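> Right, I'll just put the structure down here and ask away after.
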Amino acid sequence: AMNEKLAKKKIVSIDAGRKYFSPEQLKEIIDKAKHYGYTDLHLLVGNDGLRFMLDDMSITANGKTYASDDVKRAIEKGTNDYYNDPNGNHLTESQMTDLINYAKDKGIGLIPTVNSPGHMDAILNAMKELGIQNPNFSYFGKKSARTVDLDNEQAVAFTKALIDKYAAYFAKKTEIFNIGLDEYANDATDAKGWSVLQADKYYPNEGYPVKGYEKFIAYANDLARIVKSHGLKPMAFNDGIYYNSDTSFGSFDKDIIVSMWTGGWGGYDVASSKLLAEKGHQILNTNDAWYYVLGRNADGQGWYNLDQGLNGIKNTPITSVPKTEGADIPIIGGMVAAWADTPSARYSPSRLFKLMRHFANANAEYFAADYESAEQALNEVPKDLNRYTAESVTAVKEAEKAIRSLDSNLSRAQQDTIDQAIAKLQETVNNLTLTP
Ligand SMILES: [Ca+2]
Ligand SMILES: [Ca+2]
């Protein structure tokens, strides 16, 4: 009576924050997602760069309104300062609405990310262009290019209002909004950002940011409240959520779905997925075992190269969550992610599709089967069979019935059953024999 594996989300993530992707390119990704049995496209649009412009970008914060055309010009410029992509700067509202509709018609959902308080180079740049002072976080004379200072009330207020504006747009047409929250001040702190934010509590009078991590919890919780008010489920990457398993600074909103991408590394001690589940968070398995950075296309070409990602897909199943502590961790689904850390890299659709295809093949019981050729085969049957012999007619009608009788919820693992049924139909049609 249950289809627990197929009921999971299967998601492909595309980094269209750092790098421009056209509507045509994204529709092709949606097509392949549908074909391979995925349920959703996770489209980062704010991730270092910001590459999605609403028709009205006016922002009310700090006792004033920043005019829509000024906000647009500030964001376009700020994104260009991060990376001026010769292929394009941003998707428009019309293009996004069309894209979401295109995906919806195929049974594919779209999940956007607009990242903060890290990975927001372009938003920080935009704020400065609007005239907001000192938005960037700094750590002992090292200014972060990507991370907002949570002590800066004006920068924080603007950012929250911007997330609110995007969330209002995505309301009703999507179900999940990814607020990001990953990798606080990674540049300025040599990947010690969460330690830095927590440090003052335990090492006072050493110049660490006062109430740094407490302010981050408040910030995360406020974004969650904003997203939830629009009927959307907030999602965030795991690394800063109870960093160091420290629950003493406050509590994260339980309605935040956790995208569990990392089990951490030496000197970067993240909460286990066990702890996060126990605190009451649903988890989307986003294991970085499966990561692919565009342009790192073969073994030896760096971390998250395509060969590494395909190896990760082969060796780490959709059910294998980072840092389980040996516990059985339930999941809402799995997400394979392609990134543009070097956004000048060439986007290769065939390589992305290979990654997507391997993820589906390695976990085939979880992915939907493809009925599109079955549907087309049925469309291609001759409508009128009267001029053919009763015997050959019966064979076609039986073969048609057989395809139409297939379980409508088969997995990719059972694709052969569908394909066999199509072949049988084609055979019976070919064998239709005109009456004497
Ligand atoms: Ca990173
Ligand atoms: Ca190789």
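Chain identifiers are assigned as A, B, and so on, following the order in which chains appear in the structure tokens; residues are numbered from 1 within each chain, and ligands are numbered from 1 in order of appearance.
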I'd like the contact shell of residue A:333 - 12 Å cut-off, only C-alpha atoms, skipping same-chain residues fewer than 3 positions apart - returned as a PyMOL selection string.

chain A and resi 4-12+38-40+257-260+282-287+317-321+329-330+336+363+366-367

> Where does DSSP see strand (DSSP E) in stretch 153-278 of chain A, if you list the residues as a VMD selection string?

chain A and resid 176 to 180 233 to 237 257 to 260

> For the residues in that selection, give me N, CA, C and O atoms as a short mmCIF file (atom, residue, chain, number, x, y, z; two decimals), in the first residue's frame.


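again.cif, written as the output of this step:
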data_model
loop_
_atom_site.label_atom_id
_atom_site.label_comp_id
_atom_site.auth_asym_id
_atom_site.auth_seq_id
_atom_site.Cartn_x
_atom_site.Cartn_y
_atom_site.Cartn_z
N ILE A 176 9.01 25.57 -1.39
CA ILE A 176 10.20 25.66 -0.53
C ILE A 176 11.04 26.83 -0.98
O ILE A 176 11.19 27.06 -2.18
N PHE A 177 11.57 27.60 -0.02
CA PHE A 177 12.48 28.71 -0.31
C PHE A 177 13.76 28.46 0.49
O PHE A 177 13.70 28.36 1.72
N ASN A 178 14.88 28.33 -0.21
CA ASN A 178 16.18 28.10 0.43
C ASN A 178 16.85 29.43 0.80
O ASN A 178 17.22 30.22 -0.08
N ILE A 179 16.95 29.69 2.10
CA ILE A 179 17.62 30.90 2.60
C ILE A 179 19.14 30.74 2.74
O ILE A 179 19.84 31.71 3.03
N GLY A 180 19.64 29.52 2.52
CA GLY A 180 21.10 29.30 2.41
C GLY A 180 21.75 29.13 3.76
O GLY A 180 21.80 28.03 4.29
N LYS A 233 7.99 26.81 2.76
CA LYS A 233 8.82 26.12 3.74
C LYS A 233 10.25 26.61 3.62
O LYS A 233 10.84 26.51 2.55
N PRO A 234 10.81 27.18 4.71
CA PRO A 234 12.21 27.62 4.63
C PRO A 234 13.18 26.44 4.65
O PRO A 234 12.94 25.44 5.35
N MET A 235 14.25 26.55 3.87
CA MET A 235 15.29 25.52 3.85
C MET A 235 16.64 26.21 4.02
O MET A 235 16.79 27.39 3.66
N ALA A 236 17.60 25.49 4.59
CA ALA A 236 18.95 26.04 4.79
C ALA A 236 19.99 24.94 4.81
O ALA A 236 19.70 23.81 5.20
N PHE A 237 21.20 25.29 4.39
CA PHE A 237 22.31 24.35 4.44
C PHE A 237 22.73 24.12 5.90
O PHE A 237 22.52 25.00 6.75
N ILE A 257 13.79 23.29 6.98
CA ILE A 257 14.26 22.04 6.40
C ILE A 257 15.77 22.17 6.26
O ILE A 257 16.27 23.21 5.81
N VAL A 258 16.51 21.14 6.64
CA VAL A 258 17.96 21.19 6.53
C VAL A 258 18.46 20.49 5.28
O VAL A 258 18.18 19.30 5.08
N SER A 259 19.19 21.22 4.44
CA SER A 259 19.91 20.66 3.29
C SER A 259 21.26 20.21 3.85
O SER A 259 22.15 21.04 4.11
N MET A 260 21.38 18.91 4.10
CA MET A 260 22.59 18.35 4.71
C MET A 260 23.59 18.04 3.61
O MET A 260 23.48 17.00 2.94
#

> Determine, counting only C-alpha atoms, which protein, DNA and RNA residues have an atom within 9 Å of an atom of residue A:409; residues of the same chain fewer than 3 positions away are not included. Present the result as a compact mmCIF listing (two decimals) with N, CA and C atoms, in the first residue's frame.


# COMPACT_ATOMS: atom_id res chain seq x y z
N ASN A 3 4.41 3.50 -1.36
CA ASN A 3 5.45 3.72 -2.35
C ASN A 3 6.46 4.71 -1.73
N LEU A 6 9.58 6.10 -4.05
CA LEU A 6 9.12 7.02 -5.09
C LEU A 6 8.54 8.31 -4.55
N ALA A 368 11.19 8.13 -10.72
CA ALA A 368 10.04 7.80 -11.55
C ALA A 368 10.47 7.23 -12.90
N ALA A 369 9.72 6.25 -13.38
CA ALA A 369 9.91 5.73 -14.73
C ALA A 369 9.50 6.78 -15.77
N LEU A 406 -0.50 -0.72 -17.37
CA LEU A 406 0.71 -0.60 -16.58
C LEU A 406 0.42 0.23 -15.34

> Determine the nearest neighbour of residue A:380 from the options A:425, A:33, A:141, A:337, counting only C-alpha atoms.

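Checking each of A:425, A:33, A:141, A:337 against residue A:380, counting only C-alpha atoms, the winner is A:425.
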
> Quick one: of A:72, A:201, A:119, A:279, who's nearest to ligand 1, counting only C-alpha atoms and all ligand atoms?

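The shortest atom-to-atom distance to ligand 1 comes from A:119.
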
> Would you give me, as a tab-separated table, each residue of chain A having an atom within 10 Å of an atom of ligand 1, along with its shortest atom pair and that distance in Å to one decimal, using only C-alpha atoms and all ligand atoms and sorting by chain and residue number?


residue	atom	partner	partner_atom_place_in_ligand_line	distance
A:119	CA	ligand 1	1 (Ca)	8.8
A:182	CA	ligand 1	1 (Ca)	8.1
A:183	CA	ligand 1	1 (Ca)	6.6
A:184	CA	ligand 1	1 (Ca)	9.9
A:186	CA	ligand 1	1 (Ca)	7.6
A:187	CA	ligand 1	1 (Ca)	9.4
A:191	CA	ligand 1	1 (Ca)	8.8
A:339	CA	ligand 1	1 (Ca)	9.7
A:341	CA	ligand 1	1 (Ca)	8.0
